[PDB]
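Engineer: Just dropping this structure here.
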Amino acid sequence: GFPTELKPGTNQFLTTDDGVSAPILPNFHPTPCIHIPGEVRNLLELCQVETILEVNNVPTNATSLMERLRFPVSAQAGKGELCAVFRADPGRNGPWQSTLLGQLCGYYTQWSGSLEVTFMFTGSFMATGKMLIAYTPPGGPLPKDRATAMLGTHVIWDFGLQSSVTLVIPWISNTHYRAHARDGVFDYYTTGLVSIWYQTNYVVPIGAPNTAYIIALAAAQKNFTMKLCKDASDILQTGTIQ
Amino acid sequence: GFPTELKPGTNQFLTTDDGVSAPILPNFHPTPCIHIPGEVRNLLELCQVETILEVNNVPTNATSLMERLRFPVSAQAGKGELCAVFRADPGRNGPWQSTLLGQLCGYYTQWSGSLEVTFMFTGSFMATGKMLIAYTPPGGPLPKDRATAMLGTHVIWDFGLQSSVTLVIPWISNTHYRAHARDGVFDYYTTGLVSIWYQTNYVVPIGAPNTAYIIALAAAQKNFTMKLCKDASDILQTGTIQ
Amino acid sequence: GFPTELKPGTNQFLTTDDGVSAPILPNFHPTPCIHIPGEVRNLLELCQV
Amino acid sequence: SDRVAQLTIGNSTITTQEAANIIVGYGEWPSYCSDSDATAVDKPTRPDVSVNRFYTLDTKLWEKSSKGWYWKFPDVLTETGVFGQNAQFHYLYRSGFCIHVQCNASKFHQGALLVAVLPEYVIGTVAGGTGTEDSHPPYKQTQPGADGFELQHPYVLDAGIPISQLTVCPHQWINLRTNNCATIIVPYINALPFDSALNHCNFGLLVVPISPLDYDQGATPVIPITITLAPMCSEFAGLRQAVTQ
Amino acid sequence: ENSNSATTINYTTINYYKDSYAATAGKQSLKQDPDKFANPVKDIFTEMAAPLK
Amino acid sequence: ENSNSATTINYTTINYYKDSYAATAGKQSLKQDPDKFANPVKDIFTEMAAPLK
Amino acid sequence: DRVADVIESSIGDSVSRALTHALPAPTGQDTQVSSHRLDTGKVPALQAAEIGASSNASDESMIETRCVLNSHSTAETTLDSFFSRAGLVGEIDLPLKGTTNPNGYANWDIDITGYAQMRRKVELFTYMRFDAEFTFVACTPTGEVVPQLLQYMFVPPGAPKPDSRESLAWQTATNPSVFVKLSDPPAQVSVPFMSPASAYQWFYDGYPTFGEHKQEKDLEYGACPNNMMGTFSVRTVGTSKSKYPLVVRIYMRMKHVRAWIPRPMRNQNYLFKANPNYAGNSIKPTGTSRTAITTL
Amino acid sequence: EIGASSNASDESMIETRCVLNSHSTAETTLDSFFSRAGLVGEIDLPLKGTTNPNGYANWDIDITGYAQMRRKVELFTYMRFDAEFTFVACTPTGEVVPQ
Amino acid sequence: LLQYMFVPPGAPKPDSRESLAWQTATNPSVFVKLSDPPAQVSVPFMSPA
Ligand SMILES: CCCCCCCCCCCCC/C=C\[C@H](O)[C@H](N)CO
Ligand SMILES: CCCCCCCCCCCCC/C=C\[C@H](O)[C@H](N)CO
């Protein structure tokens, strides 16, 4: 017959290979597809949806697991005190593991784009105050006071009729893409830090509670992309699933 | 299916074979390429760049390794004395192993073309002199005196404002290409010899040093080509690289 | 992939077979051929001497 | 015409009467980053005349037994003036450079120097002398600052590579017989559009005497060497606090 | 061939049999509808204006 | 096919998949720029004339 | 823009001014007829090497030549012709009794600096951008081929590395994997360019982390995170221990090659991977030596 | 409180520069995410034992047996696809035998 | 398993079964089994003449 030759790649089974295979049921026609609402074509649509960010991941008891979803605010002495700090790496361990964006980025090695964080104030109608939320680009240590924290990109938030404000973490990096960062050599890919400071105070009249809570929601922007699909770091199986 | 036949070349692994293989990551798009200065498309561009030629490869001590880069000149008795001699084979062991052209030609069996050697005088401004640099085509023994050395292609170099002169070693051979020459049968491929003789003298006034030095630089011309790629004769590994 | 079948002539080495083989030196160009006198194209020319 | 030259950039000027032309490294001039190459979103700052001007680092003496010296860029200028302040206030950095080396003598002195620029000049160690110890050079040798550092094994360039092939890099010579200065212009060389000025060094400058200095007793025995440089097309982005380390 | 595939996407497949569900995966169409989940609101509001007033 | 190769050269490749980085090496374009390294000088000078005067 | 300093400013010009350009050159240059010259003011032989450029003298200027038509090709000195040749880059050993990999699995970090022959070739340039092609040759220590099933998994950085022959990470639901026998021809696949940068770099002059660089953190100098592409893992597919010892050899061939910024080739012996260290006591010259400069 | 995501952009909050983005979104599609083979079942046929000692076995088709693919498939509620099953057979030690 | 290496003149010839020259980074080489059909390749005209 036709003379051929075999090359050093035969007889192997590559799991990511895409080819043709022999059908088992000939002349089989599947069931027609009716209209179903809510079809997803790309994962970035889900990556653009906000989810709750556990900034306050201190408690671990079963009864106190619901306390990780918010962090408090209260009246201070007026010195410009610090409220909370956290990192800006969605793929790293920490607060971002509670969002859908972090879980989806856990399957991809590299990412690129801008992020978005939204804080909602859940106090009484009679409470007022102002806050400073600052983002420190990589290379700078944890700010010691508000004077050093004001030198990065920041926003000043005033409580009022609109209960939420948004902080945008812009894309500032030397490389086009970032790999997943961790302690050691791979801390070359840090994104920076986010800090929350008191601007003036938390003022409240007579007859209203002295403590309120803040909910943080996180998502991605329209330039966010990922590549080089891999497997998730955590496997949810401790033995044989019977 | 389609009748085929297998020919006596299947199932082998030829390292120089160029073919198709199954990709492991589908729909993967690499990082965009920005402009970077200094892109090289062919090795002849590097083969046309001058590098220092160690004509004076006599010393071997660690402290005296930097003395191999130049050879001296001084006042003589006026008889037309000899200064230095070396061979004109870039691929052979000797002075040419210190240049980039020799290292690059070490990877190729055959070569063809003209060579170029440049000598720079690094004496004082008050020194004068003239020299004769001669090239002896193959078949002639080492010249006994300047009278026999003048019979080949040569140039007479006069020290002055221009501190450098160039000697061109033209392509004179019977075959289109030369293989790498060595003692024995393969000395059929010798290129000849280069000699440096005193023309008049090295004259210097009162108050200036009596000894100067010369730096030799070597490169190739625009008709230089090589073929039949092979491996380098020297491997820089004495055991396991840990 | 493409369904094929093997016929009872595979894996043999016929010395007079004329086929294709993988080159070992890619992008290699041989030496140019100069004019040499006395080229023979057929053996009958020698059979007529 | 090719012997006399003048270099004017910013509020500084250099005049020379013994030159051997100007080398433009890799046949390319410094320029700013384009929109296609850029990745960060924030707009950069371009202070212009306050950072693109000539700086002089130090004076080094040439002896009859000198080995050579090397400097690291832009590590030399991270503590000098507005350029240093901008470099240690921002996160991202990019710029070109212009290098001018000066060394003069009389008509009775002789010598020769090789001035070359080598990108990503990594420094190795002597591995304890036997190749058994996997040591690494201290921070003093890797980034010596504005004072430079003296080579220990100039033949291998302190990195295991021959000096006789250093001419493949942008280079000039200072022959005391012919000229007394060398000028090289370097564009921005990196695989990234921007980079950190405190963690990465783009290239290094090498000054090695190939032909030793000589003179007769009675002449001036002090022959200094001075380095002058000027950034070109500097850009900064990523403003934050000021970090020095 | 029989048109019995499971699938405005997947248009560049390769096949050797008469059943469309044995072909290669191919390339899909790059389209996104983020507003289905991000902005399912009834009355759209401008970014500049205050959302609630 | 997807245009995801690493590469004014390499124009004659052969491929069987939809990813451009699985094709053959092919033939490049024969162009050289020796003056980038040999003659990086600012003011070019003629061979006949003296380089420095 | 009103002041006549902003209008005339050259700030923002992103176009690169190039002094040179590339020209077609498929063959070597020809040689034309030249005759004798006796003139004043034209000196092709006299040069000035202090400028930093190469000599521009030619054959015709120095001697009398004849007309020669050169048809020698320059197609063997390109980068794809120089680099598209497979060479050994790694080796994995899986013994029955031993101390290295006695449990039936092994992990190999992807690197090229393990063997000198390919390392010296790749370290001629500073930046390099290419595709890859990996071929795995498996056999016993004596070379005999035996019936056995093997699995190769590619683990991108950040993914959990297997810790045993029966690890849960061998489900390879996302990472690409290959199942192959020892009776089959060697397996081979294609690899793209995965660096976050625009090119791999073999020399990185700097530190990857911020803060003070002390002497106990000196093993981080020169380490470039953009070159760490992951881990290659191998195991024998089974629950009990295998019957034969195995050795695996990896060969890699580049294609679609680009390179930048050449540098001097290595001179001394190699000691460590990703380290330019050399032996201080024994520094040897680049080449051979002779007794006298005036003789041969 | 409306239930929609924030519509603020980069240009509204800080001063930005013109950047041309050419990064592709083709690796996050459903076919690029799901067309990768993974282990879904395993059948054991021992000589002496209690599970399948007689030389035959029956396996009910399911995906929920292993966590790595189960967690991926359970991100959605409804799914419609074709399949491709590959069967790898060997001994407990991995040796290949004529059978 | 066998290995054939082609060594052009001037290249270092192997001196043992475990020689460093068997890395075949430049010289063409062939890895073949004794159960495979005989290996065969193509060779150009390499003479300098
Ligand atoms: C079954 C698949 C196994 C895959 C085998 C490994 C493939 C991964 C290769 C990554 C790219 C290779 C080039 C690596 C980068 C640089 O070459 C080195 N880091 C240099 O040290
Ligand atoms: C020789 C042919 C052997 C055929 C092997 C089995 C093929 C039958 C596959 C049926 C379709 C697979 C998908 C099954 C449905 C759902 O995925 C699962 N029930 C989920 O639990």
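Engineer: Under the definition of partner shielding as Cβ atoms of other protein chains within 10 Å of a residue Cβ, what is the mean value for peptide D:204-211?
Structural biologist: For this peptide, the per-residue mean of nearby foreign Cβ atoms is 3.
Engineer: Follow-up question, since we're still on this one. Roughly what percent of Cα-Cα pairs across region B:68-160 reach past 21 Å?
Structural biologist: 46 percent
Engineer: I would also like to ask the following. Give me the orientation-averaged projected area of the Cα convex hull of chain H, in nm², one decimal.
Structural biologist: 13.9 nm²
Engineer: Then there's this: What is the magnitude of the charge dipole of chain G about its Cα centre, with +1 placed on the Cβ of each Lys and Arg, -1 on the Cβ of each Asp and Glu, and no other charges, expressed in debye to the nearest 20?
Structural biologist: Computed charge dipole of chain G: roughly 1100 debye.
Engineer: For chain E, what is the Kirkwood hydrodynamic radius in Å, using each pair of distinct C-alpha atoms?
Structural biologist: 14.9 Å
Engineer: Per 10 Å bin, what percent of the C-alpha pairs of chain A does each bin hold, from zero upward?
Structural biologist: 6, 23, 27, 19, 11, 7, 4, 2, 1, 0
Engineer: Could you tell me which of rounded, prolate or oblate describes chain D, using a ≥ b ≥ c as the square roots of the eigenvalues of the alpha-carbon gyration tensor, with rounded for a/c under 1.5 and, failing that, prolate when a/b is larger than b/c and oblate otherwise?
Structural biologist: Verdict is oblate for chain D.
Engineer: Would you work out which of A:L82, A:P138, A:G113 lies farthest towards the positive end of the dipole of region A:41-141? Charges go on Cβ: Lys and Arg +1, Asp and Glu -1.
Structural biologist: Value computed over the given set: A:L82.
Engineer: Using a Gaussian network model on chain D with a 10 Å cutoff between Cα atoms, which of D:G145, D:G25, D:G128 fluctuates the most?
Structural biologist: Checking each option, the largest mean-square fluctuation is seen for D:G128.
Engineer: What residue among G:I11, A:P37, A:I206 has its Cα farthest toward the positive end of the dipole of the protein assembly as shown, where the charges are +1 on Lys, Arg and -1 on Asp, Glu, each on the Cβ?
Structural biologist: Value: G:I11.
Engineer: Over chain B, with a Gaussian network built from C-alpha contacts below 10 Å, which listed residue (B:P23, B:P138, B:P32) shows the highest mean-square fluctuation?
Structural biologist: Judging by the Gaussian network model, the answer is B:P23.
Engineer: Here's another thing I want to ask about it. Beyond 15 Å, what percent of the Cα pairs of region G:90-161 remain?
Structural biologist: For region G:90-161, the fraction of Cα-Cα distances above 15 Å is 71 percent.
Engineer: With the Cα gyration tensor of region B:1-94 in hand, convert its eigenvalues to equivalent ellipsoid semi-axes via √(5λ) and list them largest first in whole Å.
Structural biologist: Each semi-axis is the square root of five times an eigenvalue, giving 56, 24, 14 Å.
Engineer: Quick one: Kirkwood hydrodynamic radius for chain I, alpha-carbon pairs, angstrom, one decimal?
Structural biologist: Result for chain I, one decimal place: 12.8 Å.
Engineer: Let me ask something additional. Below 8 Å between Cα atoms, with a sequence gap of 6+, how large is the relative contact order for chain I in percent?
Structural biologist: Once divided by the residue count of chain I, the mean separation gives 45 percent.
Engineer: Hey, another quick one. Give the longest segment of chain H that steers clear of GluC sites (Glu not before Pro) in DSSP loops with at most 10 neighbouring Cβ atoms within 10 Å, not counting the sites themselves.
Structural biologist: Within chain H, the longest run free of exposed GluC sites (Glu not before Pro) spans H:43-99.
Engineer: Return C:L43, B:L14 ranked ascending by Cβ neighbour count within 10 Å, so the fewest neighbours appear first.
Structural biologist: C:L43, B:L14
Engineer: Test of the criteria: in region H:11-66, which chymotrypsin sites (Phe, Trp or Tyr not before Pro) are in a DSSP loop and have at most 10 other Cβ atoms within 10 angstrom of their Cβ?
Structural biologist: Answer in residue order: H:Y56, H:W59.
Engineer: Next question. Give me H:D31, A:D234 sorted ascending by neighbouring Cβ count inside 10 Å, so fewest comes first.
Structural biologist: The fewest-first ordering by Cβ neighbours comes to A:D234, H:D31.
Engineer: Can I ask one more? Of G:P44, B:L161, D:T15, whose Cα points farthest to the positive end of the dipole of the protein assembly as shown (charges on the beta-carbon: +1 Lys, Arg; -1 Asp, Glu; origin at the Cα centre)?
Structural biologist: The listed residue farthest towards the positive side: B:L161.
Engineer: Which of these, G:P176, G:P208, G:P285, has the largest mean-square fluctuation under a Gaussian network model of chain G (Cα springs below 10 Å)?
Structural biologist: Looking only at G:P176, G:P208, G:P285, the biggest GNM fluctuation is shown by G:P285.
Engineer: Now, a different point. Which residue in chain E puts its Cβ closest to the axis that rotates chain E onto chain F, and at what distance in whole Å?
Structural biologist: Checking which Cβ lies nearest the axis yields E:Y16, 12.
Engineer: Sticking with this one: What relative contact order, as a whole-number percentage, does chain H give when Cα pairs under 8 Å and 6 or more residues apart are counted?
Structural biologist: 14 percent
Engineer: So, one more: Sort out for me the Cα centre separation of region A:175-211 from region G:109-172, rounded to whole Å.
Structural biologist: Taking the Cα centre of each part, region A:175-211 and region G:109-172 sit 41 Å apart.
Engineer: Find, among the GluC sites (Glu not before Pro) in region G:173-275, those assigned to loop by DSSP (not H, G, I, E, B) with at most 14 other beta-carbon atoms within 10 angstrom.
Structural biologist: G:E212, G:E216
Engineer: With 5 Å bins from zero, work out the P(r) of chain G over every alpha carbon pair and list the percent per bin.
Structural biologist: Pair shares across the bins are 1, 4, 7, 9, 10, 11, 11, 10, 9, 7, 6, 5, 4, 3, 2, 1, 0, 0, 0.
Engineer: I'd like the distance between the alpha-carbon centres of region E:10-53 and region H:1-59, rounded to an integer number of Å.
Structural biologist: Taking the Cα centre of each part, region E:10-53 and region H:1-59 sit 17 Å apart.
Engineer: Taking the alpha-carbon centroid of each part, what is the distance from region D:1-76 to region A:31-65 in angstrom?
Structural biologist: With region D:1-76 and region A:31-65 each reduced to a Cα centre, they are spaced 54 Å.
Engineer: Label the protein assembly as shown by shape, choosing from rounded, prolate and oblate, from the square roots a ≥ b ≥ c of the eigenvalues of the Cα gyration tensor; if a/c is under 1.5 it is rounded, and otherwise prolate applies when a/b is larger than b/c, oblate when it is not.
Structural biologist: Note, shape of the protein assembly as shown comes out oblate.
Engineer: Just the number, please: percent antiparallel of the DSSP beta bridges in the protein assembly as shown, rounded to the nearest 5.
Structural biologist: 95 percent
Engineer: If I model a spin label at E:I44 and D:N104 as a point 7 Å from the Cα along the Cα→Cβ vector, what separation in nanometres do I get?
Structural biologist: Simple spin-label model gives 7.3 nm for this pair.
Engineer: If you don't mind, there's one more thing I want to ask. Is chain C best put as rounded, prolate or oblate by its Cα gyration tensor, with a ≥ b ≥ c the root eigenvalues, rounded for a/c under 1.5, and otherwise prolate when a/b is larger than b/c, oblate when not?
Structural biologist: oblate
Engineer: Full-extension gain between H:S22 and H:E74, please, as 0.36 nm times their residue separation minus the C-alpha to C-alpha distance.
Structural biologist: Separation in residues times 0.36 nm, less the Cα-Cα distance, equals 15.5 nm.
Engineer: As an exercise, identify the trypsin sites (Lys or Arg not before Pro) in chain H lying in DSSP coil whose Cβ has no more than 16 other Cβ atoms within 10 Å.
Structural biologist: In loop regions of chain H (DSSP not H, G, I, E or B), the sparsely surrounded trypsin sites (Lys or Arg not before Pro) are H:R17, H:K48, H:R80.
Engineer: No solvent, one uniform scatterer per C-alpha: report log10 I(q)/I(0) for region D:159-232 via the Debye equation at q = 0.19, 0.24 1/Å, two decimals.
Structural biologist: These q points yield log10 I(q)/I(0) values of -1.09, -1.40.
Engineer: May I pose another question? Cut-off is 10 Å between beta-carbons; in what order do B:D17, G:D5, G:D184 appear when sorted fewest neighbours first?
Structural biologist: With the fewest neighbours first, B:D17, G:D5, G:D184 line up as G:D5, G:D184, B:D17.
Engineer: Taking beta carbons within 10 Å but only from partner chains, what does the mean come to for residues D:126-139?
Structural biologist: For peptide D:126-139, the averaged partner shielding equals 6.
In this analysis, Cβ positions are derived from the backbone assuming ideal geometry, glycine residues included, and neighbour counts consider all displayed protein chains. Throughout, read-outs are computed from the coordinates displayed, never taken from laboratory work.
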